[PDB]
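The chain contents come next:
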Protein chains: 4
Amino acid sequence: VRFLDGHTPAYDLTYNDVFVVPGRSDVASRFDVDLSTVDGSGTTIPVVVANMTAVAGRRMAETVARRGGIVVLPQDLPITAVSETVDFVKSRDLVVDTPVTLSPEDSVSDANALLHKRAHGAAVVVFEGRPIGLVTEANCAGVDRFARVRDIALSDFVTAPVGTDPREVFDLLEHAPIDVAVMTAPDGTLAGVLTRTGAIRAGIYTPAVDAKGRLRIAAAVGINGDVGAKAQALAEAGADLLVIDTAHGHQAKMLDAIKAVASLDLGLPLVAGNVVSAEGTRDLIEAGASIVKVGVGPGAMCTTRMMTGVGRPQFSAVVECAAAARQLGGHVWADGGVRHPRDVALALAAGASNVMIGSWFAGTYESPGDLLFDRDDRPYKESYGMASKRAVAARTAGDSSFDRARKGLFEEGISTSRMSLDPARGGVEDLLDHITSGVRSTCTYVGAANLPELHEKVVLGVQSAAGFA
Amino acid sequence: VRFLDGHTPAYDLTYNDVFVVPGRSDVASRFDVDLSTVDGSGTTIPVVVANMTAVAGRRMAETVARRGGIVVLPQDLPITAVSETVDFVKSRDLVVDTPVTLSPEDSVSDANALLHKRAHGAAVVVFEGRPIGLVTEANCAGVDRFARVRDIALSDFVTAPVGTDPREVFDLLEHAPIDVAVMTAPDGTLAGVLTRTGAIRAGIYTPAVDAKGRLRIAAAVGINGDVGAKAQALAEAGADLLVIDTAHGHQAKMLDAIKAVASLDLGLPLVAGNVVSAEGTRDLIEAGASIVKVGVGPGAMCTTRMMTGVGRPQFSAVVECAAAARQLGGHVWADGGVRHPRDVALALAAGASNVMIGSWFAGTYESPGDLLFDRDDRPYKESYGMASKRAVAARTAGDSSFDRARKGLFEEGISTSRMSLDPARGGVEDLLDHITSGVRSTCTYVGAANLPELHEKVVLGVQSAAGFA
Amino acid sequence: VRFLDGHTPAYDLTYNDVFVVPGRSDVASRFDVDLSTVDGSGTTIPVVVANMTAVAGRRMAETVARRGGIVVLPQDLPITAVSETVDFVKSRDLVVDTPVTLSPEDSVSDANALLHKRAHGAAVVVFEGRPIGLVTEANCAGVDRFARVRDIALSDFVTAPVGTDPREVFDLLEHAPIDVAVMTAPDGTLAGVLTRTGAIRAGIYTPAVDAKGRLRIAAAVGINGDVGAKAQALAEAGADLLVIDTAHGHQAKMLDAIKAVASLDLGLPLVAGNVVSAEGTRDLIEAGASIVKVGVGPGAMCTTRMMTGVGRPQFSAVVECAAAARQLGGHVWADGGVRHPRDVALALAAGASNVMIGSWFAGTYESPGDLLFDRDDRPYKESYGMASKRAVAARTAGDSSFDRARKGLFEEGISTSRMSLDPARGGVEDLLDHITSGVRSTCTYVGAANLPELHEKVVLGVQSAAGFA
Amino acid sequence: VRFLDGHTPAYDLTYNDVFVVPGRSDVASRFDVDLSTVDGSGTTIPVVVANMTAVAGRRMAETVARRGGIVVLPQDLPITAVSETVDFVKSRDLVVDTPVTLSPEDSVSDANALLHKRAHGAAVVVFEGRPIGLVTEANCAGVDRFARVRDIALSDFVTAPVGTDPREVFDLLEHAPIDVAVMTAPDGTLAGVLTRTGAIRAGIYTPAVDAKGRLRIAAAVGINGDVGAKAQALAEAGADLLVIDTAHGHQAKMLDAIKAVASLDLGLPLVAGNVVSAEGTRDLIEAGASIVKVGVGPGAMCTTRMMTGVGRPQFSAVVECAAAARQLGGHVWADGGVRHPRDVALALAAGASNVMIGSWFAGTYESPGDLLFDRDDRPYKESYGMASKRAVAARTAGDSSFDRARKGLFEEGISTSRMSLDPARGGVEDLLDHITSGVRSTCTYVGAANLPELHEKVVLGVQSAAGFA
């Protein structure tokens, strides 16, 4: 990277210590920017969803893959569930989205409960596969709670055949009382749903698909047990990418696991982490890892940094690791708690081929968690970090309660967090457009048409903390 | 600029990182300081009002031009409205101000609504052009709301002929129950209003006027459409200064627009922006720009800096750009959210020929926005940034709703802000005197009689952030 | 001064940026430290009270001079009042303090009002000069408000002759129900009051007196009018020290005033200010000033620094000015808003011969202001900065209201502040002991028996702002 | 120590300015780390409890010595009490803990009062030395307050013989309704209590014992009076370690006291303090001190730093002192208000052989203070700093009230603090496991099997304060 003259700080830098200096630009608008990645992951946007049980679900996988991103499933999920989710996701359409199907005999409470797990704002009543009507919020609200769907269902809705142009769909929905555009198969049965905003996004984003034209998906594995067997089983289950993640990625056990997985030669790229040092990056790459995650205790007040004085500011660590990987011909991923689009922009500018997003996406409809209401009725969802205590207890296999409690004594608390959900941008795409708009604005400011040029022609500067007063 | 020995920070500086060291002074008082500008803008004070729809109105133009400043009209205004406003402003008096004229049959609510858009605190009732009386607050307040002006108008007021000395006017108003000094033409008809504070200010400030003795005015243009045609039309409409502003001023489209406007050779100075780099400043100047605006994402927590890691601390950017412009024989303007007179003082000390003020002036009577009352009855006015979403939608010309929504998807929210209005200093001049007093005190402390000397003989220093605890 | 190896900061330092490293010490206890000053002011402690109308009163003068300090009267006081106060103070005793004298016919409200202007907590009823009894708080409280002193006066009190040893007085008051020790002249009439804490302090502090054994006192003058005439009149009035103070002390008018006063050769030391530069210090000393005040806009968020970017961190300015004065054989005084004893300690360590204390002493019983009660009944006193607006209006002499308002337009607000009074340490001595204890502890830590050694053998260090998180 | 390239700050560093960079690691788990100390103190963990009257009790001594730490008794305790406490502690078991013994005739209020001074949550009723039953909270709660133990005692409890394996004890208590495991001597009488968590900890920690297999204990002495006589008497009383502590440890009186104690040659290591300078450390070591305490006014807002500008950031002072001691072949201890395990980790990394913990342990059951309930029923305990005012008054021996008050005038307030007690981790071991887990995680991250390697192969870095926004 390039810094302004005289800017040679005597400390590692974080995202608050740096800024991008505008340069000569030839890009007209944001839409003239290509966000495709070159790390081999096949993502059309530099966004990866973290393998967190409260985040990495199936609806996230569908939506993110439809919008060009990728999702990594949690490592603790059973192989059968993994295969089921992979089959479900690869069976989804690239243009229309799977809506919520409700029986006419279902209750109002269950109706709204299944309604609030999608961002469409409506649910389709299905009888033998044919839509009869739509149920929305404020339609099941304010009514007697013992009523059923048939007593509140609205039979009037817009209908279109498969293959209809999204522009035509939006034009039809220009005056529609309800923005929903339920999609019907040529036989007549339900074949997905579409939305005017979704129709617009269909012309902006490009879904990430494999050689078969099906949405890509990634899975995570540990370093305990037969790593090779689990990796091969996941690959046979349909997984496209393999992730090996742990708190400390420079330990020899990570090297052994990477060598074991690389020996099988599954023919898929490997993501390994986490390390924050160039030496660790070199060791991981030489061990057989094509992608290296970066970021350990990135915050100055994070749980890891408070518990132990171990960590590193995200920016400098990412810069060094990316430099090492490019020297060795690899790629790096930027983990470490992304909270603003500025974080993504700086990660891209530092040399990271992709960015990893965790708890931020927890407060969304598509998240596996259920939506709850707080003291002030404001929606929120609980978060449990990397995994819950019950989850880690399940990974400890069949062990004596004495040994289990002995191991859990040193273990910290669940540290559950109440991630509020923004009403204006509650949808997952309502965050993806936000982040991508930030990144595209950055690219226009720099004057780069794609991410490699963004890394090539970026000039950075440093500011003190007195500007934060 | 000159810094104390040993002060060579390893980071860019902002306004909180620097201070001015007092030096040998020969200036007796604040009044012995000349604030005239040398950038060619013709302003007698280093204040420029930003081209914001919620700020750049007509009353601001009149008051600011009467006090020596300049105002730039928004670029989205129709040409007819621009010409009308230019004619109205150039038809105003250089000593007296245009009051609010109320019909005797008007209602109390409308009376106070038209009363609260000026700082005089009174409105003149007009019948065939002759004053009959004055209506003030607490005069229409506490009365029956269906009453009319004639039922509350006070026919007793002070009257003077045109040409009366301001000192005489103040002496007459020494014992006046109402400080208003409504001004009558020699025929007898209304010819403006005067105020004791305004009379005092008439001897302090110098209105900015053109070769014809009429108040100067500036206009802004974009880089979309026929830039040359719009610039020439605005010049023919009576505009004195042309401003070309955009988020990123170093892009080639800015260069093309500047070249196109300079080819016509309208004979007026050009203001171009925004850039924060010396290279961008050189490119803009060589392209045909006489004045360069500075400041992109100046705040460490501003919307631009949060969305993208793009920006620069205001002080260092201004210093570098001013150095480049002086090397090339140009001038720079200091944009970037001025909030305290310290900001203006440091901008002047850094080498900026003028300072640009935006949202701060929103909370004023003279602002185009209407005054509102909050939950605690405290007055406030809404702000919409550079422009409102409806405004930008209007600039997108005639486009399909599909394309309009597609372009607006990436667009952020309106981000309206409630700018409170200070009761003690609610008037625009009540902020101009504040800022000018700060600047004059700075000049006295340094020991400079005018801005060029202020830039020449200023010595600065650097402080850490621990002083902010 | 001496700094640790490698500590060469690239910025000016303030009190939060430095610390004192302990060294080899031979001092046994705090009492083994001599706090006498060598600047020629004659103060036995390095404390000077600022010339603020809300602070520099007569009770402060008496108490502070009895405790070894000095007080400078405000420059706006009439010469007759100055002479009266000087005569009153020089007529006071060096061991006992003047109590509050109340007539037996006075009302309860007036009784407590005159009671709460002294820290003794009691008032002596006087009839023809002989005490009859004492009235205290909770004695006039809870009673009918129309009652009088004679109905609540307590005739039982301790009495001693003049010349009694303070140790004997304390021993007698060991079991006294009321700690007051009203003092009687050999004739029988009242000759002062004494307190057990005051008796203890009599053996610790040394009152500052002139060649005649009377308490010393200082006065302040401006630079407007006949400076020499006012200075000579004040000297004839009995003033011991002369202070010439203004916002900017490096202006030529200060030089002319200093030369004019020095020409008369009144035979008293001169205090001049304020400057923060070595050049200004040299100019003031060569002009005929023996003591130079330091400190202009010392706070990073003070009114002066917000209004203008003019100022300097207190520590570095004091260091440089003290170095210059010692090079020229002079002395410096440390002004600039002392708030903690750490401030005094660092001022002494930097090389300052004395320290100037302002608003901190406002919240005290001895302050000229009257004690008020807030919303939460917590006592407080108002402060008006250097002087009130009415005061500065009075200094503008006989001028036309037009000119007066013209000059006051640029003048800022009164900026009155509510200085809370600490119930535990409400007395002035309750702050002097605090500050002196801090200074003595510093001296013991360094290992110096007096202030010159404290300046000679002090080693300092620098810390970052991250320790303030 | 080793710092990253280019990190040469121009200021002293504190714990917030530094971080540990992860390195190559071979340690498998936390349990593979040896925490034994090499300073000669005999502690198996790097934890020392401060000699504070509100902290250094007898229950702390027992628990901490059982868990491998050491405790220093306050210097003001009478010699008889010291000998009694030493005998009591050395008479305790190394595996089981002494429970609370309650008479059956005691009242409910007294029952719970004696119950809440231990972390077991139960009390054993004793008749002639044989248990009859257990009384717990919520068992004496909600009952009539005049009832007695016999009316609420639960006679059903688990019983085991002495010598039973802790693993067997836990296995038996796997299904026990009450986790208490009251321990019976082979005769049948009470011989201690055990807990499942305590049983687990018995296999993790190693109690610190002397050559006789009895728990070690330390005592503190002053520099007033016959230091040698008191030191010899304490050594004869059974004390294992001697501590000489004062506010300023570089004074000559400390040197004389150290020489006097070393002349007797009691054959025990000497702890001396406090100093923060290398010169002071060298002087103390040459005077006959084997261990040097570090830390004077470590906080930027502590009472010492506010009273006097004397102090030093803890990290840099510890680094320098440890370097000096290692150069001279000694050891250092890290005092200065430890509040988080990060503090301990950085102290160990800097080169400190041990860490000293003060007020943090005040909010614990084992603390000598009694548990109180606040306004919100939340438990808390008062703290009085190093010692209470009554305590220091008692150390002033037999002195006249006049002299006592004279000395106490300069003395500051008691500064009592309400240390809240965490319900989840209210036990002392519930903090020891926390701290040790943090330290072990640090060791694993660095890749060191013991503290000397932790100091040897640690690499540190520096961060700015802008990360704290």
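Residues numbered from 1 in each chain as written, not as in the entry; some residues may be left out. Chains lettered and ligands numbered in written order. Part of a larger assembly, values for the part shown. Heavy atoms only, no water.

### Some points on the side chain of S441 of chain B
Part 1 of the reasoning: Among the structural elements, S441 of chain B can be located in helix 14 (residues 429-446).
Part 2 of the reasoning: Not counting the four nearest positions on each side in its chain, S441 of chain B is found in contact with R30 of chain B together with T308 of chain C. (Helix = DSSP H or I, 4+ residues; strand = E, 2+ residues; numbered from the N terminus. Contact = heavy atoms within 4.5 Å.)

### Digging into the interface of chain A and chain B
It is common to report an interface's size as the accessible area lost on association of the parts.
Part 1 of the reasoning: Across the contact, 47 residues belong to chain A and 41 residues belong to chain B.
Part 2 of the reasoning: Taking both sides of the interface into account, the surface hidden between chain A and chain B amounts to around 4000 Å²; carbon and sulfur atoms contribute 64%.
Part 3 of the reasoning: Its largest share of buried area at the contact with chain B, chain A owes to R24, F31 and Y445 of chain A, together 17% of the area lost on that side.
Part 4 of the reasoning: Between the two partners, chain A and chain B, sit three salt bridges.
Part 5 of the reasoning: Notably, a salt bridge pairs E411 of chain B with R30 of chain A, separated by 3.0 Å at the nearest N-O pair.
Part 6 of the reasoning: On inspection of chain A and its partner chain B, the count reaches 18 residue pairs in polar contact.
Part 7 of the reasoning: The set of elements that each furnish at least two residues to the side of chain A that touches chain B consists of strand 2 (18-20), helix 4 (166-172), helix 5 (196-202), helix 11 (341-350) and helix 14 (429-446) of chain A.
Part 8 of the reasoning: When residues in the side of chain A that touches chain B are grouped by element, the largest group, ten residues, is from helix 14 of chain A.
Part 9 of the reasoning: Split by residue class, the side of chain A that touches chain B holds 23 nonpolar, 16 polar and eight charged. (Buried area = accessible area lost by both parts, 1.4 Å probe. Salt bridge = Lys/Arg side-chain N within 4 Å of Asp/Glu carboxyl O. Polar contact = N/O pair within 3.5 Å; in protein donor to acceptor, adjacent residues only side chain to side chain. Nonpolar A, V, L, I, M, F, W, Y, C, P; charged D, E, K, R; others polar.)

### Focus: the sheet that holds strand 18 (residues 417-420) of chain C
Residues and elements named next belong to chain C.
Part 1 of the reasoning: Pairing within the open sheet is antiparallel, and its three strands lie in the order 16-17-18. Two strands in the sheet have a free side with no partner beyond their single neighbour: strand 16 (372-373) and strand 18.
Part 2 of the reasoning: Sheet topology note: the strand 17 (residues 379-383)/strand 18 ladder contains four bridges and is antiparallel. Counterpart to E382 in the pairing with strand 18 is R418. (Pairing = 2+ DSSP bridges.)

### Section: the packing of helix 6 (residues 227-236) of chain C against helix 7 (residues 252-264) of chain C
Residue and element names in this part refer to chain C.
Part 1 of the reasoning: Between helix 6 and helix 7, whose axes approach to 9 Å, the crossing angle comes to 45°. Taken as axis vectors, helix 6 and helix 7 run oblique relative to one another. Here the hand of the crossing between helix 6 and helix 7 comes out right-handed. Contacts between helix 6 and helix 7 pair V227, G228, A231 and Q232 from the former with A257, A260, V261 and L264 from the latter. (Axes fitted to C-alpha atoms, helices over the stretch in contact; angles between N-to-C directions. Parallel < 35°, antiparallel > 145°, perpendicular 65-115°, else oblique. Left-handed = near helix turned anticlockwise from the far one by under 90°.)

### Quick look at the interface of chain D and chain C
Part 1 of the reasoning: Between chain D and chain C, the contact holds 41 residues from the first and 47 residues from the second.
Part 2 of the reasoning: Carbon and sulfur atoms supply 64% of the area that chain D and chain C bury against each other, a total of about 4000 Å² over both sides.
Part 3 of the reasoning: The largest contributions to the chain D side of the interface with chain C come from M307, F402 and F410 of chain D, which together make up 19% of the buried area.
Part 4 of the reasoning: Put simply, chain D and chain C have three salt bridges between them.
Part 5 of the reasoning: Across the pair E412 of chain D and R30 of chain C runs a salt bridge, and its minimum N-O distance is 3.9 Å.
Part 6 of the reasoning: Contributing elements (two or more residues each) for the side of chain D that touches chain C: helix 7 (252-264), helix 9 (303-307) and helix 13 (401-410) of chain D.
Part 7 of the reasoning: Ranked by residues supplied to the side of chain D that touches chain C, first place goes to helix 13 of chain D with eight residues.

### Quick notes on the UniProt feature "binding site: NADP(+)" in chain A
All names here are of chain A.
Part 1 of the reasoning: Under the UniProt annotation, the feature "binding site: NADP(+)" is placed at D245, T246, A247, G295, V296 and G297. Taken together, the annotated residues stretch across 53 residues yet fold into one region, lying no more than 14.3 Å apart by C-alpha.
Part 2 of the reasoning: With respect to the secondary-structure elements, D245 resides in the loop between strand 11 (241-244) and helix 7 (252-264).
Part 3 of the reasoning: The residues touching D245, leaving out its near neighbours within four places in the chain, are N51, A220, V221, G273, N274 and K293.
Part 4 of the reasoning: Within the secondary structure layout, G297 lies in the loop between strand 13 (291-294) and helix 9 (303-307).
Part 5 of the reasoning: Overall, the relative accessible area of 7% leaves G297 in the buried class.
Part 6 of the reasoning: With near-sequence residues (within four places) excluded, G297 lies in contact with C302, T304, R305, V310, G311 and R312. (UniProt positions renumbered as here; feature names shortened; annotations may be inferred. Buried < 20%, exposed > 50% of the residue type's maximum accessible area, 1.4 Å probe, protein only.)

### Focus: the UniProt feature "active site" in chain A
Part 1 of the reasoning: Mapped onto this numbering, the UniProt entry gives "active site" at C302 of chain A.
Part 2 of the reasoning: Within the secondary structure layout, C302 of chain A lies in the loop between strand 13 and helix 9.

### Thoughts on the sheet that holds strand 1 (residues 2-3) of chain D
All names here are of chain D.
Part 1 of the reasoning: Read across the open sheet, the three strands follow the order 1-19-2; overall the sheet is mixed. This sheet does not close on itself; its edge strands, each paired only once, are strand 1 and strand 2 (18-20).
Part 2 of the reasoning: Of the strand pairs in this sheet, strand 2 and strand 19 (residues 459-462) are connected by three bridges, and their pairing is antiparallel. Paired with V20 across the two strands is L460, which belongs to strand 19.

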